[PDB]
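Asks: This is the content of coords_22.txt (compact mmCIF, C-alpha atoms and all ligand atoms):
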# COMPACT_ATOMS: atom_id res chain seq x y z
CA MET A 1 -9.08 1.15 2.85
CA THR A 2 -7.45 4.37 1.58
CA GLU A 3 -4.83 3.85 -1.13
CA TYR A 4 -1.83 6.17 -1.50
CA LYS A 5 0.54 5.98 -4.49
CA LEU A 6 4.01 7.03 -3.33
CA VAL A 7 7.10 7.50 -5.53
CA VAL A 8 10.65 7.62 -4.17
CA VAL A 9 13.02 9.67 -6.33
CA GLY A 10 16.57 10.90 -6.00
CA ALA A 11 20.08 10.44 -7.34
CA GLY A 12 21.82 7.09 -7.48
CA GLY A 13 23.01 5.64 -4.17
CA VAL A 14 21.27 8.14 -1.89
CA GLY A 15 19.28 5.40 -0.13
CA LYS A 16 15.88 5.22 -1.84
CA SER A 17 15.71 1.41 -1.78
CA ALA A 18 17.20 1.15 1.72
CA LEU A 19 14.59 3.58 3.05
CA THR A 20 11.81 1.64 1.29
CA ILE A 21 13.05 -1.74 2.56
CA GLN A 22 13.29 -0.42 6.13
CA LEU A 23 9.66 0.66 6.05
CA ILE A 24 8.45 -2.67 4.68
CA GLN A 25 10.74 -5.28 6.24
CA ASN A 26 12.48 -3.53 9.14
CA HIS A 27 15.99 -4.55 7.97
CA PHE A 28 18.87 -2.46 6.64
CA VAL A 29 20.13 -3.47 3.19
CA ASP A 30 23.86 -2.66 3.37
CA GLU A 31 24.80 -4.12 -0.03
CA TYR A 32 24.19 -1.75 -2.95
CA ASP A 33 22.12 -3.26 -5.79
CA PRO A 34 21.20 -0.46 -8.22
CA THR A 35 17.50 -0.41 -8.96
CA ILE A 36 15.78 -0.43 -12.32
CA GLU A 37 12.31 -0.22 -10.81
CA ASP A 38 10.65 -1.99 -7.88
CA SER A 39 7.25 -1.48 -6.28
CA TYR A 40 5.89 -2.59 -2.93
CA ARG A 41 2.57 -2.59 -1.09
CA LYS A 42 2.20 -2.20 2.67
CA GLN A 43 -0.92 -1.88 4.82
CA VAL A 44 -0.19 0.39 7.78
CA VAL A 45 -2.19 2.51 10.22
CA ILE A 46 -1.49 6.25 10.08
CA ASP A 47 -3.44 8.61 12.37
CA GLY A 48 -6.19 6.09 12.98
CA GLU A 49 -6.98 5.09 9.40
CA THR A 50 -5.75 1.97 7.63
CA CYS A 51 -3.70 3.02 4.60
CA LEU A 52 -2.72 0.83 1.66
CA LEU A 53 0.62 2.26 0.52
CA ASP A 54 1.84 1.65 -3.05
CA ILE A 55 5.54 2.58 -3.05
CA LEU A 56 7.46 2.91 -6.29
CA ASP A 57 11.25 2.67 -5.85
CA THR A 58 12.80 4.36 -8.88
CA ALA A 59 16.27 4.34 -10.41
CA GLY A 60 18.72 7.16 -9.72
CA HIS A 61 19.87 7.60 -13.31
CA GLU A 62 16.88 6.84 -15.51
CA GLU A 63 16.55 5.53 -19.06
CA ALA A 66 13.05 9.97 -20.20
CA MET A 67 10.41 7.55 -18.85
CA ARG A 68 10.07 9.42 -15.55
CA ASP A 69 6.88 11.00 -16.86
CA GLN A 70 4.78 7.83 -16.85
CA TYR A 71 5.34 7.12 -13.15
CA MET A 72 5.41 10.82 -12.26
CA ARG A 73 1.85 11.13 -13.60
CA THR A 74 0.54 8.07 -11.76
CA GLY A 75 2.11 9.06 -8.43
CA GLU A 76 0.24 11.14 -5.85
CA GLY A 77 3.16 11.97 -3.56
CA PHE A 78 6.90 12.07 -4.06
CA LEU A 79 9.69 11.39 -1.57
CA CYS A 80 12.62 13.48 -2.82
CA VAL A 81 15.76 11.94 -1.35
CA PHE A 82 19.33 13.24 -1.24
CA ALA A 83 22.28 11.97 0.81
CA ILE A 84 23.81 14.35 3.34
CA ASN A 85 27.33 13.41 2.21
CA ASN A 86 26.64 14.10 -1.50
CA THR A 87 26.22 17.78 -2.36
CA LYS A 88 25.42 16.90 -5.96
CA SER A 89 22.47 14.73 -4.88
CA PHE A 90 21.13 17.69 -2.91
CA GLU A 91 21.47 20.07 -5.86
CA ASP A 92 19.69 17.49 -8.05
CA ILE A 93 16.56 17.96 -5.93
CA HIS A 94 15.30 21.02 -7.81
CA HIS A 95 15.58 19.19 -11.13
CA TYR A 96 13.39 16.40 -9.72
CA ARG A 97 10.84 18.88 -8.43
CA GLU A 98 10.84 20.81 -11.72
CA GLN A 99 9.80 17.85 -13.86
CA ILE A 100 7.25 16.62 -11.33
CA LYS A 101 5.66 20.09 -11.41
CA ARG A 102 5.88 20.11 -15.21
CA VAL A 103 4.49 16.61 -15.66
CA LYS A 104 1.66 17.10 -13.16
CA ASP A 105 1.19 20.74 -14.25
CA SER A 106 0.92 22.20 -10.77
CA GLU A 107 2.93 24.09 -8.17
CA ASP A 108 1.13 22.23 -5.35
CA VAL A 109 2.20 18.58 -5.56
CA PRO A 110 2.52 16.47 -2.37
CA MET A 111 6.24 16.19 -1.66
CA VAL A 112 8.60 15.59 1.24
CA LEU A 113 12.31 16.42 1.21
CA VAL A 114 14.39 13.67 2.80
CA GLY A 115 18.01 14.03 3.83
CA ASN A 116 19.21 10.46 4.25
CA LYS A 117 22.33 8.91 5.75
CA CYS A 118 22.29 11.22 8.79
CA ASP A 119 24.15 8.51 10.71
CA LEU A 120 27.36 9.30 8.84
CA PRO A 121 30.00 11.68 10.23
CA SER A 122 31.02 13.07 6.81
CA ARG A 123 28.17 15.53 6.27
CA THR A 124 28.57 18.07 3.47
CA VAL A 125 24.97 19.35 3.25
CA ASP A 126 23.97 21.22 6.40
CA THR A 127 20.65 20.62 8.12
CA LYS A 128 19.79 24.31 7.79
CA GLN A 129 20.53 24.29 4.05
CA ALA A 130 17.88 21.63 3.52
CA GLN A 131 15.37 23.21 5.90
CA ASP A 132 15.61 26.46 3.94
CA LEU A 133 15.19 24.77 0.57
CA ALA A 134 12.20 22.91 1.99
CA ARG A 135 10.60 26.10 3.30
CA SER A 136 11.16 27.79 -0.06
CA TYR A 137 9.19 24.94 -1.61
CA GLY A 138 6.62 24.94 1.20
CA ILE A 139 7.13 21.24 2.00
CA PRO A 140 8.27 19.24 5.02
CA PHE A 141 11.90 18.28 5.52
CA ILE A 142 12.86 15.12 7.42
CA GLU A 143 16.31 13.80 8.31
CA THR A 144 16.59 10.02 8.11
CA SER A 145 18.95 7.08 8.38
CA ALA A 146 17.96 3.81 6.76
CA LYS A 147 20.82 2.23 8.72
CA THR A 148 19.45 3.03 12.18
CA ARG A 149 15.84 3.51 10.95
CA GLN A 150 15.73 7.03 12.41
CA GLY A 151 13.03 9.09 10.68
CA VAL A 152 11.96 6.35 8.27
CA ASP A 153 8.31 6.01 9.30
CA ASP A 154 8.09 9.79 9.74
CA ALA A 155 9.27 10.42 6.17
CA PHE A 156 6.65 8.13 4.65
CA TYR A 157 3.86 8.97 7.07
CA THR A 158 4.52 12.70 6.60
CA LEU A 159 4.12 12.22 2.87
CA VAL A 160 0.80 10.45 3.44
CA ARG A 161 -0.35 13.48 5.44
CA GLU A 162 0.72 15.84 2.64
CA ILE A 163 -1.42 13.80 0.22
CA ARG A 164 -4.28 13.77 2.75
CA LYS A 165 -4.15 17.57 2.99
CA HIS A 166 -4.03 18.03 -0.80
CA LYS A 167 -7.15 15.88 -1.26
CA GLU A 168 -8.96 17.85 1.48
CA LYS A 169 -8.24 21.39 0.26
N1 LIG B 1 25.52 4.69 6.36
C1 LIG B 1 24.41 4.65 5.60
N2 LIG B 1 24.43 4.01 4.44
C2 LIG B 1 23.25 4.03 3.81
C3 LIG B 1 22.10 4.61 4.21
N3 LIG B 1 21.11 4.43 3.26
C4 LIG B 1 21.67 3.74 2.30
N4 LIG B 1 22.98 3.44 2.58
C5 LIG B 1 23.90 2.64 1.73
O1 LIG B 1 24.17 3.37 0.55
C6 LIG B 1 24.19 2.48 -0.60
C7 LIG B 1 23.12 2.90 -1.58
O2 LIG B 1 21.83 2.59 -1.02
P1 LIG B 1 20.46 2.31 -1.94
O3 LIG B 1 19.32 2.37 -1.08
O4 LIG B 1 20.58 0.99 -2.66
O5 LIG B 1 20.54 3.44 -3.05
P2 LIG B 1 19.43 3.91 -4.08
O6 LIG B 1 19.11 5.34 -3.77
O7 LIG B 1 18.33 2.91 -4.03
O8 LIG B 1 20.17 3.78 -5.48
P3 LIG B 1 19.79 3.41 -6.98
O9 LIG B 1 18.80 2.28 -6.86
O10 LIG B 1 20.98 3.00 -7.68
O11 LIG B 1 19.07 4.58 -7.55
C8 LIG B 1 24.07 1.07 -0.02
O12 LIG B 1 25.34 0.49 0.26
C9 LIG B 1 23.30 1.32 1.29
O13 LIG B 1 23.55 0.30 2.25
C10 LIG B 1 22.09 5.28 5.44
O14 LIG B 1 21.10 5.80 5.95
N5 LIG B 1 23.31 5.27 6.08
MG MG B 2 17.59 1.59 -5.38
Could I get this file's structure written as structure tokens?
Ligand SMILES: Nc1nc2c(ncn2[C@@H]2O[C@H](COP(=O)(O)OP(=O)(O)OP(=O)(O)O)[C@@H](O)[C@H]2O)c(=O)[nH]1
Ligand SMILES: [Mg+2]
Replies:
Amino acid sequence: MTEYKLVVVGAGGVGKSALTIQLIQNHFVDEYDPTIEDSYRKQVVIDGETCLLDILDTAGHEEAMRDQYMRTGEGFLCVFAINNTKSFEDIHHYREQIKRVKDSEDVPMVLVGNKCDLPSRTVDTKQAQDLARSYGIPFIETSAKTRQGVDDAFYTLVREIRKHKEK
């Protein structure tokens, strides 16, 4: 009944598509096929209401045309990989142009640190928690491989959109 337009953004290879495919199909895509742009719809129950989720899976390095889908989107899943410091530093550039394009400091957003199943972490959990708090947004650790945190990342974004509409 309620439609939510979600956009997954982040650097190349951080796991945007794998996180999206886990939510929708409950399988882990281990092969890496770089995305140009895919979108998916899923009906799911979150906190007792049926939600229609429109999920836009974006490309890491874009060709910019971010603005068109950044204006249509209501919530943004900002994804970095915990073994890629650069992808974590890229987060503030993603948030800056979302804020610019939507012309607001209060945009529904969730910070996602993906690939937490790997033993080669270079971005600490506390680092991300502090960046999240400085933005005033949730932070969720995930692994598309084991599916840990996957529903929570998307559902938490739904709830950030739900709060923004009910301010
Ligand atoms: N170990 C591990 N590998 C992961 C995880 N998530 C993604 N991968 C792998 O990392 C690679 C990149 O994953 P994608 O989901 O395709 O990357 P992306 O962010 O969609 O990348 P672009 O579409 O190119 O922007 C693939 O080989 C995935 O199988 C994870 O949680 N753990
Ligand atoms: Mg992809």
Asks: Could you please extract the residues within 10 Å of ligand MG 2 (chain B), counting all atoms listed in the file, and hand them back as a VMD selection string?
Replies: chain A and resid 8 to 21 32 to 38 57 to 60
Asks: Considering all atoms listed in the file, can you say which of A:135, A:166, A:5, A:61 comes closest to ligand LIG 1 (chain B)?
Replies: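 Nearest candidate to ligand LIG 1 (chain B) out of A:135, A:166, A:5, A:61: A:61.
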Asks: May I ask for the distance between CA of residue 92 (chain A) and CA of residue 70 (chain A), given in Å to one decimal place?
Replies: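 Straight-line distance from CA of residue 92 (chain A) to CA of residue 70 (chain A) works out to 19.8 Å.
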Asks: What separation in Å, quoted to one decimal, exists between atom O12 of ligand LIG 1 (chain B) and CA of residue 30 (chain A)?
Replies: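 A separation of 4.7 Å between them.
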Asks: Excluding residue 118 (chain A) and any residue of its chain fewer than 4 positions from it, enumerate the residues within 9 Å of it, using all atoms listed in the file, and give them as a ChimeraX atom specification.
Replies: /A:83-85,123,143-146,150
Asks: When distances are computed from only C-alpha atoms, which of A:46, A:53, A:142, A:24 shows the smallest separation from residue 115 (chain A)?
Replies: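 Closest to residue 115 (chain A) of all the choices is A:142.
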Asks: Complete the atom set of region 114-125 of chain A to N, CA and C atoms and return it as an mmCIF file, in the coordinates of the input.
Replies:
data_model
loop_
_atom_site.group_PDB
_atom_site.id
_atom_site.type_symbol
_atom_site.label_atom_id
_atom_site.label_comp_id
_atom_site.auth_asym_id
_atom_site.auth_seq_id
_atom_site.Cartn_x
_atom_site.Cartn_y
_atom_site.Cartn_z
ATOM 1 N N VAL A 114 13.786 14.614 1.876
ATOM 2 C CA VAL A 114 14.390 13.670 2.800
ATOM 3 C C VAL A 114 15.897 13.756 2.676
ATOM 4 N N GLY A 115 16.562 14.055 3.782
ATOM 5 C CA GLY A 115 18.010 14.030 3.830
ATOM 6 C C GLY A 115 18.465 12.769 4.543
ATOM 7 N N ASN A 116 18.952 11.814 3.779
ATOM 8 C CA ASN A 116 19.210 10.460 4.250
ATOM 9 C C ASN A 116 20.691 10.295 4.550
ATOM 10 N N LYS A 117 20.989 9.228 5.295
ATOM 11 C CA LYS A 117 22.330 8.910 5.750
ATOM 12 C C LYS A 117 22.814 9.839 6.849
ATOM 13 N N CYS A 118 21.911 10.339 7.687
ATOM 14 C CA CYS A 118 22.290 11.220 8.790
ATOM 15 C C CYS A 118 23.092 10.520 9.870
ATOM 16 N N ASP A 119 23.284 9.210 9.780
ATOM 17 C CA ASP A 119 24.150 8.510 10.710
ATOM 18 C C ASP A 119 25.624 8.680 10.391
ATOM 19 N N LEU A 120 25.971 9.238 9.232
ATOM 20 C CA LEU A 120 27.360 9.300 8.840
ATOM 21 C C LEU A 120 27.995 10.545 9.431
ATOM 22 N N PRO A 121 29.298 10.504 9.712
ATOM 23 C CA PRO A 121 30.000 11.680 10.230
ATOM 24 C C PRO A 121 30.562 12.608 9.164
ATOM 25 N N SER A 122 30.445 12.272 7.889
ATOM 26 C CA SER A 122 31.020 13.070 6.810
ATOM 27 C C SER A 122 29.955 13.896 6.094
ATOM 28 N N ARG A 123 29.209 14.692 6.842
ATOM 29 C CA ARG A 123 28.170 15.530 6.270
ATOM 30 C C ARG A 123 28.774 16.661 5.468
ATOM 31 N N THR A 124 28.234 16.902 4.273
ATOM 32 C CA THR A 124 28.570 18.070 3.470
ATOM 33 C C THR A 124 27.396 18.980 3.182
ATOM 34 N N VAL A 125 26.171 18.538 3.416
ATOM 35 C CA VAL A 125 24.970 19.350 3.250
ATOM 36 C C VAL A 125 24.398 19.604 4.628
#
